[PDB]
Structures are given as structure tokens and as C-alpha cells.
Amino acid sequence: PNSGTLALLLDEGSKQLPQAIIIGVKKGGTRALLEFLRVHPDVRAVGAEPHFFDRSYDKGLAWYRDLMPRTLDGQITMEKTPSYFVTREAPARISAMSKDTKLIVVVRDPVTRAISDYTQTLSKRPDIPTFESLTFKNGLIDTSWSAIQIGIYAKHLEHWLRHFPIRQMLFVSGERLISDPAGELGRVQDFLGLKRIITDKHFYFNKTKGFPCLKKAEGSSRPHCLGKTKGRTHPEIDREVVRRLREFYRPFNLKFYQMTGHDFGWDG
Amino acid sequence: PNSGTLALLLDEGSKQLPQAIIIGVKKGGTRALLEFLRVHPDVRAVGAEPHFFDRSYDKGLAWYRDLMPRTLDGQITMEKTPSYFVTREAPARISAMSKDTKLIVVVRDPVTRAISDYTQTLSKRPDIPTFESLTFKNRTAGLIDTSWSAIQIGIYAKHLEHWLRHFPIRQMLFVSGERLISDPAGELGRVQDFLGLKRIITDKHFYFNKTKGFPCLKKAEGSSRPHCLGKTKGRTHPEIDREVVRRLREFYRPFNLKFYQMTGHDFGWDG
Ligand SMILES: O=C(O)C1=C[C@H](O)[C@@H](OS(=O)(=O)O)[C@H](O[C@H]2[C@H](O)[C@@H](NS(=O)(=O)O)[C@@H](O[C@H]3[C@H](O)[C@@H](OS(=O)(=O)O)[C@H](O[C@H]4[C@H](O)[C@@H](NS(=O)(=O)O)[C@@H](O)O[C@@H]4COS(=O)(=O)O)O[C@H]3C(=O)O)O[C@@H]2COS(=O)(=O)O)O1
Ligand SMILES: Nc1ncnc2c1ncn2[C@@H]1O[C@H](COP(=O)(O)O)[C@@H](OP(=O)(O)O)[C@H]1O
Ligand SMILES: Nc1ncnc2c1ncn2[C@@H]1O[C@H](COP(=O)(O)O)[C@@H](OP(=O)(O)O)[C@H]1O
Ligand code: NA
Ligand code: NA
């Protein structure tokens, strides 16, 4: 930055606690949503996952605020930590910071999310058993397995609704974020009270990677596709296992659609 | 950047000759316009002024093309060199590259443009004579020295005739330098339409800096933080004798009027 620019932020720029937070879900497409949102002139976000409300709460709200980027009047401050959604104390802690906090949750077909979760662990520990092996406690599904538990969105949502009004929560379609990024970002910008700037022209589908990419990133004049850890190849899962998992989640999915008022199409 | 990213441009992108060029005018507000346009996801531009059509033409179109950034389909390639507008051979040369090239000219009140031009030189050559001095060939008779570049550049209508002998007025856009300052989002609206770009750059992309006295970008291209133009953009002008300013405005009036008719727009420099 240059003289005038620098000084400007040192005089009119100030750090705010996040007015909006992407609280989940793990493997739902949280990085994608945040990177896309960062294109907007009125959005500033912490680059890394703070993990303040789940891991580092013992550091104080002052430590949290200093982590926030400086913003000019009109700009929203944001951060994303996928684990918040399933953190028992998160709802209460965030509300305490501010009951007016807007919450965004990027959801994904519970089955593909579980496999994605598994695939990420496999990349870190190649010796773990097969996905099929971990899925079953027996023909009984091992619901104590985090990969399965995180997918029961309705269950986690009930906890959040004890501290927040459904209207302060936005549920983003992880699948549509991929098939129609501008579409979902439109809903997100409205929810956040931001003028609809991010549009179709901000994206470019990368055939090679199989996912859309930003034609221009916030931190670059060049295009930007998410890294190699985003969009991992999943192992082929036994169809019978996929069938049983889908059947297990279905009741919870339909309940989730009812609670949120939206059918995400994971069941047709 | 990362693997997939880089690999993308090197595979699906390429360097193309600019489909649109900001050709002038000096001190009209050419840097501001280009920096604002760069916010658009479908615009890629050369950072510096190439000065190809005026100074390095001998290097050929291939060298010129290689100076351009790599673009993805749908993105427009641009550059700005303020001197092109008053460069004798520029019209013919740009036309030979491509008859369909779009041209943008950021104009400004010829009097303030002249004073701005003088001030720039003054900042680099502090011992030059006064503006009033260089303005007249003969002060008493009121004979204005039209050979002086600061005055010459401002006779827009005459330079424009040279361009219209190689380009149809429809392929040229005249941007109000004054409005660019007072309502950048408004001006950028016209520019994007002219360039066939979706109107994305809007009011929210700007932030007025009270200290600098000019609008700034809330976010600059490739940067998450604000961005005002540097110290060389928006210089304080020395006070000019009122009589001299009046005589200069008197000199430009007729040419301004012809320019308004030629462009189909009254830029408001004469009331
Ligand atoms: O990105 C930008 O927009 C930008 C960033 C820089 O901060 C800024 O540098 S600055 O220090 O000058 O502010 C930079 O300025 C460019 C400018 O945009 C160019 N204008 S253009 O030529 O119209 O495209 C250009 O301007 C200078 C010219 O190179 C120079 O020509 S030459 O002499 O080098 O051949 C020209 O000189 C004029 C002079 O201005 C006149 N004085 S007057 O009082 O204004 O009339 C007079 O003396 O005549 C000479 C020669 O005219 S002739 O060539 O027609 O015979 O004007 C220069 C100028 O006005 O600054 O380059 C500068 C960069 O200049 S630098 O010193 O190399 O940094 O824009
Ligand atoms: N443009 C994009 N590029 C890469 N991955 C994207 C994407 N849009 C959505 N995603 C999804 O984001 C997931 C990662 O989510 P998170 O960032 O919350 O961990 C990826 O899971 P997979 O790796 O299983 O495909 C991928 O499906
Ligand atoms: N947002 C902005 N910040 C700074 N200068 C701007 C600007 N918008 C327009 N300008 C104008 O751009 C002029 C420079 O034009 P160019 O970049 O073509 O040389 C400046 O002349 P002054 O220095 O006389 O104010 C200034 O008036
Ligand atoms: Na995992
Ligand atoms: Na000058």
C-alpha cells in the first residue's frame, strides 16, 4: 500500500467483532463461500479459522477482536470456523458476544459430507480402515462416529435455536454453491444486507479441477481456484453402504427441511 | 497463486492485443479510470503506460502483445497511454492493429487540465517560468502561445478530427473527468456499457477520503484493503492570475463548443 492509503486505515479504520459468522458445516463448502464473499467491497474476513468459540475461548474477546481485520464504516467483519455448528457451548458463547450475530451454515448432503470428512482424514492418516468399516458398529450404523454425527443437522440446529431466532440463520446449499455460485451468493448477500455485487461474471468453471473458480480473487488480479485439499477425489463407496446411510439420514433430512423451510434435494 | 490456478491461465488463457485503449487525455483522469475499471472481474490491464504507439512502435505488435497480461475468455485486455490522443501516427497505427479497437478519452476542462499539466512539470522542474509567462506569446496583445504543449493538448476538437479519419465516433467514448470525480460509479456505468461489460462496479466500490479530497476504492484490484491514488494524483494547483484564466477560457470556448457538438455531449466547461 501507499502513504495516503496506509494512513487512511490508521485514522478511519477500526476493528469490529464479527457481525456475521460462517459456523459450519465441516466439508460443506465453507472455504469456498468465504473466498467468494471476500470479493465484495463491503466484506473483510479473517484469513484463517479462528476457532475462538470452540478452542480458544480462554483467550478473551479482546484477543478475538485484534484478530479481526480493520474495516471502514459500512464493511462487515467475518470469520469462518466449521466446527462451531457442533460445539455444544458455541451457541451460548456467540449469543453472549452479541445476540444480533448473523449465522451462516453451508450444508451438504450428509452422505457425501461424511465421505468427504472421511477422505480428509485419510489424506492425513492413510492407514485408517475403509469408510465402509467405520460406518457400521455391527448392520447398525455407528452414530458415535463424528463423520456420521455431524451430518444430523436437525439435531444441532435445535441447540442453536435455543439461543438464536431462525431468521438470523442462513442455510446455504453446498451443492448449489458448486452448480450455481452466483445464485447462492445472491441469497447470502441479501441475508447479510449487502448490495448484490458478486455475480455470474465473477466465476469461471475449471473443467480440469471440476469446480468453479474465481475469475478474480480478492487478493489477486489473477483467477483463483481453491487448493488441492478442496475438491478431493473420494474413494468409491459400496452402494449398499450408500443406500443404508441415505436411509438413515432421510428422516433427519426431511425434519431439517421443515425447520429451515427449504428442501435441499438430498432425497429427491 | 497455486498449481490449479497457474495451470489454468497457462492452459486456458492467452495474451491478446487490447480490445480497448484509454488514449487520453493527459491529466484528464486516466489513471483513476483504469484503476477503477480493474476492479471488474472481466478487465485485465497493463499496469504501466506502454507508450507503444507513440514511442516504441518499432518494437512491433508481438512485443506489444507480450506486455499484456494473460486473460481468460470473456475478459477484456486494456492499457492506457495519455499521449496517444495527440500522437500524429497513433490513429493510423491503432487502426492497422485492429479497425475494431474501442477507444476511451477522459477529458477535462482545458483550463484546469493545462494548469494540472503545468503543475506536474513544476513538481519535476521547480525553476520553470510561471504559468502566466508560458501562456502568452505576447502578453500585452494577449497573443496566446498555442505551440505550448499545455495549451495544445486541450484543443480536443482538432485532435479528435484526426481520430475520426480512422475510427467511427461510435467506437470512441468520451469520459467526463469532472464527473469521474463527483460521481465515479455514475461514470463507470457508462464505461462498462460501452465496453460490453456487465455493470458490476457500483457505488459500494467507492469511499470518499476527506483528507485526500477525492474518492478512493474500498477495495483495489487484487487487494483487500482500501486504495486512494498516490501523491502525484490530485496535486494542489498554484493560484493563477484571474485575467489569464479568463483569457484562456475565452480561447477554448469555441473549440469546446465544437467538441460538444462532435461528441453529442456538453461537458459543462462553459456554463
Ligand atoms: O500511472 C500514471 O498515471 C502516472 C504515475 C506517475 O506518478 C506520473 O508521474 S509524474 O511524476 O509525471 O506525475 C505519471 O506521469 C506520466 C504521464 O502520465 C505521461 N503523460 S503522457 O506523455 O501524456 O502520456 C508522461 O508525461 C511526461 C512525458 O513523458 C513528457 O514527454 S518527454 O519530454 O519525456 O518526451 C512530457 O513533457 C512535456 C512537459 O509536460 C511540458 N510541460 S507543460 O508545462 O505541461 O507544458 C513541456 O515541457 O513539454 C514537455 C515535452 O513535450 S513533448 O514531448 O510533446 O515535446 O510530459 C511529461 C509530464 O507532463 O509529466 O510521463 C509521465 C511520467 O513522467 S516521469 O517524469 O517519467 O515520471 O503518470
Ligand atoms: N469452487 C470450489 N472449489 C473446490 N471445492 C469446492 C468448491 N465449491 C465447493 N467446494 C466443496 O467444498 C468442500 C470443502 O468444504 P470445506 O471448505 O467446508 O472443508 C469440498 O469437498 P470435497 O473435497 O469432498 O469435494 C468441495 O466439494
Ligand atoms: N479518485 C481520484 N483521485 C485522484 N485524482 C483523481 C481521481 N479522480 C480523478 N482524478 C484526477 O486525475 C488527474 C490526473 O489525471 P492523469 O492520471 O490522467 O494524469 C488529477 O489531476 P490533478 O493532479 O490536477 O488533481 C485529478 O484531478
Ligand atoms: Na475427518
Ligand atoms: Na506537464
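Only this structure's heavy atoms are used, side chains among them; waters, hydrogens and symmetry mates stay out. In each ligand, atom 1 is the first atom listed, and ligand 1 is the first ligand listed. Residue numbers begin at 1 in each chain, while the letters A, B, ... track the order of the sequences.
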Interatomic distance, B/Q152 atom CD to B/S147 atom OG [nearest 0.5 angstrom]: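 It comes to 8.0 Å.
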To the closest 0.5 Å, what do you measure between CZ (A/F53) and OG1 (A/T87)?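 Separation between the atoms: 11.0 Å.
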Answer yes when [X] and [Y] have at least one side-chain N-carboxylate O distance shorter than 4.0 Å, and no when they do not.
X      : Y      : result
B/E250 : B/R247 : no
B/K158 : B/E161 : no
B/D109 : B/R249 : yes

Ring centre gap for B/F174 and B/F259 strictly below 6.0 Å: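 For B/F174 and B/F259, the ring centres are under 6.0 Å apart.
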Classify the ring geometry between [X] and [Y] as parallel (under 30°), tilted (30 to 60°) or perpendicular (over 60°).
X      : Y      : result
B/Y64  : B/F52  : parallel
A/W160 : A/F85  : parallel
B/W269 : B/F267 : parallel

With atoms numbered from 1 as shown, which atoms in ligand 2 lie under 4.0 angstrom from a non-hydrogen atom of [X]?
X      : answer
A/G28  : 15 (O), 18 (O)
A/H234 : 22 (P), 24 (O)
A/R31  : 17 (O)
A/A32  : 7 (C), 8 (N), 9 (C)

Does the pair B/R246 and B/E243 meet the rule for a salt bridge (charged side-chain N to carboxylate O under 4.0 Å, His left out), with working shown? CA-CA 5 Å; B/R246 187 195 68 67; B/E243 177 57 9; 2.9 Å; yes
For [X], look at atom [atom1] and say whether over 12 heavy atoms of other residues, nucleotides or ligands are found less than 6.0 Å away.
X      : atom1 : value
B/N138 : CG    : yes
A/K201 : NZ    : no
B/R225 : CZ    : no

For the residue pair B/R108 and B/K27, what are the closest heavy atoms and their distance?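 Looking at all heavy atoms of both residues, the closest pair is NH1-O, 2.9 Å.
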To which of A/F205, A/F211, A/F203 does the heavy atom nearest atom 6 (C) of ligand 2 belong?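 Among A/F205, A/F211, A/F203, the closest heavy atom to atom 6 (C) of ligand 2 comes from A/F211.
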Side chain to side chain donor-acceptor pair (under 3.5 Å) partners of residues 126-136 of chain B, not counting sequence neighbours, each pair once: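 Side chain to side chain donor-acceptor pair (under 3.5 Å) check on residues 126-136 of chain B returns no pairs.
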Partner set under salt bridge (charged side-chain N to carboxylate O under 4.0 Å, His left out) for A/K80, not counting sequence neighbours: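 Testing A/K80 for salt bridge (charged side-chain N to carboxylate O under 4.0 Å, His left out), a comparison that skips the adjacent residues, returns A/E49.
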Return the residue, atom name and 0.1 Å-rounded distance of the protein heavy atom closest to [atom].
atom                    : value
atom 25 (O) of ligand 2 : A/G231 CA, 3.3 Å
atom 21 (O) of ligand 2 : A/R108 NH1, 2.9 Å
atom 16 (P) of ligand 2 : A/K230 NZ, 3.4 Å
atom 1 (N) of ligand 2  : A/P212 O, 2.9 Å
atom 18 (O) of ligand 2 : A/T30 OG1, 2.7 Å
atom 22 (P) of ligand 2 : A/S116 OG, 3.6 Å
atom 15 (O) of ligand 2 : A/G29 N, 3.1 Å
atom 19 (O) of ligand 2 : A/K27 NZ, 2.8 Å

Residue portion contacting ligand 2 (non-hydrogen atoms closer than 4.0 Å) for A/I178: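 The part of A/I178 near ligand 2 is the side chain, not the backbone.
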Contact partition for A/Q120 relative to ligand 2, non-hydrogen atoms under 4.0 Å: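 Neither part.
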For the Na ion (ligand 5), every protein N/O/S atom that sits closer than 3.0 Å, waters excluded: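 The answer is B/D117 O, B/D117 OD1, B/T121 OG1.
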Could you check whether any side-chain heavy atom of A/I21 comes within less than 4.5 Å of a side-chain heavy atom of A/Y84, counting everything from C-beta outward?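 Yes - at least one pair of side-chain heavy atoms lies under 4.5 Å apart.
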Proximal protein residues to ligand 1, non-hydrogen atoms under 4.0 angstrom: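 If the criterion is a heavy atom under 4.0 Å, then ligand 1 touches B/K26, B/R31, B/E49, B/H51, B/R55, B/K80, B/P82, B/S83, B/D117, B/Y118, B/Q120, B/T121, B/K124, B/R125, B/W148, B/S149, B/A150, B/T232, B/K233, B/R235.
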